[PDB]
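Next up: the same protein chain in two forms, each one alone, written as structure tokens (structure 1, then structure 2).
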Structure 1
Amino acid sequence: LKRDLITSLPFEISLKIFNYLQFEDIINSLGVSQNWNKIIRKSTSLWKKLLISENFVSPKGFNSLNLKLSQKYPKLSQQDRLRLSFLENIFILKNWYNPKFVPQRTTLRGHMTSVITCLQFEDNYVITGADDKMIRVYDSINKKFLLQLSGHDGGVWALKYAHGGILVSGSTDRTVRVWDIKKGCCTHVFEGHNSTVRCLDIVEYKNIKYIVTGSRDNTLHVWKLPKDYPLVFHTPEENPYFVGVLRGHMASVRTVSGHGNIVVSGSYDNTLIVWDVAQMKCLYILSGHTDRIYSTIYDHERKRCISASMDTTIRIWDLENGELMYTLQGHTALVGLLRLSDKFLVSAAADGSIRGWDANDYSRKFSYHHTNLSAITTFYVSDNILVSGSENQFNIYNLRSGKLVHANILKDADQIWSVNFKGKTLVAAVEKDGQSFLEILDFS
């Protein structure tokens, strides 16, 4: 005769049983009986595991996930919360991976110039910049243009957003400006750099946020992010927010990556420098590349540094003493792009090639090549997906099956300047018939 093993077994044992079932089976079980429903909804592990299995969160990001879900659903419990999150996630991933699924497209006007120089995507805000010395802010939820920010006397080329609707910019205008989307104005104008601001990043140390800007003047000025508004500071010495200049590079500071009191910069002098912003001193000088660096990443988690040079190579450095760890050779052209996914180190080159290495041991995980061999202009990645763009090409790749999901979604685009995605929303600054546009794709 039968026996409701699930009800009769000790709680712990039944849960092992459920951990051997795919989510679909777990949902059906939830409707088998009142007790099954109760037993399953009692588990937090059940869903925590799944979320991680599907790469919707990582052990480190767990807690933060929880806090955010609790803010989203006060009256829900941790268990039911995690389940809502998973069910919501697994279905967006289902859409992304479905060849027969087509995202909803929204196309908005871009800048006066056909080229977009930069793009941020956070807090339901899509901010874009261009050589038309303008900054456009968009609404990613209602899919529409919000406002424009004007001020820079030169084309904008670097912009980083900061929680609260605050964002910082840098331009050929040689100034570093802080804006307030809410108020829609430039609340600060930091002068100093004796040349174009080429890159920038914002790091936080001891609950204090700092702005780090690299320039073609070979230096990196450090300013603290501020707590009639157009407050200009013609002089660094008198500027309360100024901190100092990191001198060391002999050429333009092309890239910058930081976290906490550690920032890493890449220059055209073919070198990289690890700075301790707190002590405002040089920590290590990474030498070896035989040509200019176009991108670097500071892997704080692992305490390392990835560098991409025009010398066609990628280098991994140990920031525990500054010595080289490995040299990756998977590109025959200039390697100007890099991203660190929770599971992958992804790199793209001027020959249209894209490589994915294991984020910890750097063994070859995947590699793609745009069919028309054109240089990779942009791309973004998650543990489940890769979106890449080049002239006449915009591709989405399912990183699990390794196969290409969609290849014609933005076919009418002539250039994919910047691409960024998060959850069910994908965004791209593109060019169509000598004009820029913002493309927003919906996968919900």
Structure 2
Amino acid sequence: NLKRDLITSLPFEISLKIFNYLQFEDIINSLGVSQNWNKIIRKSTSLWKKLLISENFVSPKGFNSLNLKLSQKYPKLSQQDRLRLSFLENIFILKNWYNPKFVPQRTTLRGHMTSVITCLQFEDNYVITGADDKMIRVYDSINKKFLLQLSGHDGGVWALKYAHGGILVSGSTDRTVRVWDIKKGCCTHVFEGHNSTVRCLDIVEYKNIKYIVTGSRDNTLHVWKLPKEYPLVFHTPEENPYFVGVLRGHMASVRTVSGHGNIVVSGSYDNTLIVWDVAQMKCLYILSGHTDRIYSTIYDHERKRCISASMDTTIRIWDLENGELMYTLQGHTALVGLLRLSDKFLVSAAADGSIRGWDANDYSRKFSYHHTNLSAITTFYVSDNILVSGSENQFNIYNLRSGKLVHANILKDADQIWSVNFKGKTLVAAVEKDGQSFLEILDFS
């Protein structure tokens, strides 16, 4: 009759236009319509790209990384087909994250000697924690087991950054910067030179070279090369081949650093952020106007902005083209804790048991969530899809699309929540029970 297989009949591009108007549910159904619809749908890299983006499983400027990881996981598969399985897997995992009936698998691992964890890294199937007991603990997140304790620091560990390849850098009250190999299980290098506690640190990569930037209670940052090719001890920066130089400008302790490429931003107890070019070893900007200590900063490289949070109770967004103040966010209750920038949201905790989210681009108000107890937030982690937050006796998970608490129940038995991090199916928490620390691995497969 007057019936026609329009998808088939139409030029290929017109058919993708059509398919790109549809929800993914309709696309899965279309796959099952016939061989020809199947081929058509499976031919398009950009159909699956758009899908992955519209569900926020990835961002445009995050995509090459995902593509590579897929060609590694699935080398016998085509780009299109890799993207599709990635999409289908992510939806499954997300649906579970979203369903208040779903109960993840819980694994508990002995934590540290001291009952307070200070820092937590979750990367490449490794969970790393540091604490006041002078120890770094490496766990395996697939097999969910304790791999090993790295000791040697003479004080508490205040900061750690994992770098690709089982490499770790930590900073300590012992004023050393240490570099570790996990697979080998030891300190490879000690870098002396700070005259006071190493309080914060980041790792940046520029023209294919990796650098450690460390901020200290001594007022300065020091820049070092991440070593490539036991422990080799360097007592004298002058004679240390991995030592680049010192960044001087702050008049008090450097609490917080955030870099990308050759640009690094630090905030100080002097009330100031400095922006530095790390290849010229120069100050670019002093950022003035906060009226009390700065405790958190994010250098937003995509947008060329700085975000800072201060004890003065404000957040400021600064424009890195001209060193100018853009926006001041406030107020009514102090901010606390570390800030986060997902692709959609700038998020911070507040001194009233809430987490607040602003749009990452124009900083309009997007969400507030409250621990019903007015319980001081200790930690949260976010992405465009999920907020996870902890405080005393409380561990909440929220669905940021629907704005609803999805799970309040999951780690009830834990007294304190020190640190929380998640990626796909895995969620990890550094916690305290009955005056003792544990590592919790929650899995949403």
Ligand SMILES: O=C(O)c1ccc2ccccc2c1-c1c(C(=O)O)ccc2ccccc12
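We call the rigid core the largest set of C-alpha positions that still match within 1.5 Å between the two forms. All residue numbers here follow the sequence of structure 1, with the first residue given the number 1.
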property	result
Answer for which single form is the form solved without the ligand	1
Yes/no, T425 Cα shift of 2 Å or more between structures 1 and 2 with rigid core fixed	no
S436 C-alpha relocation of at least 2 Å between structures 1 and 2, rigid core basis	no
Rigid core superposed: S29 CA moves 2 Å or more between structures 1 and 2	yes
Cα displacement of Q78 between structures 1 and 2, once the rigid core is superposed (Å)	1.7
Angstrom shift of the Cα atom of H331 between structures 1 and 2 (superposition on rigid core)	5.4
Rigid-core-fitted C-alpha displacement of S64 between structures 1 and 2 (angstrom)	2.2
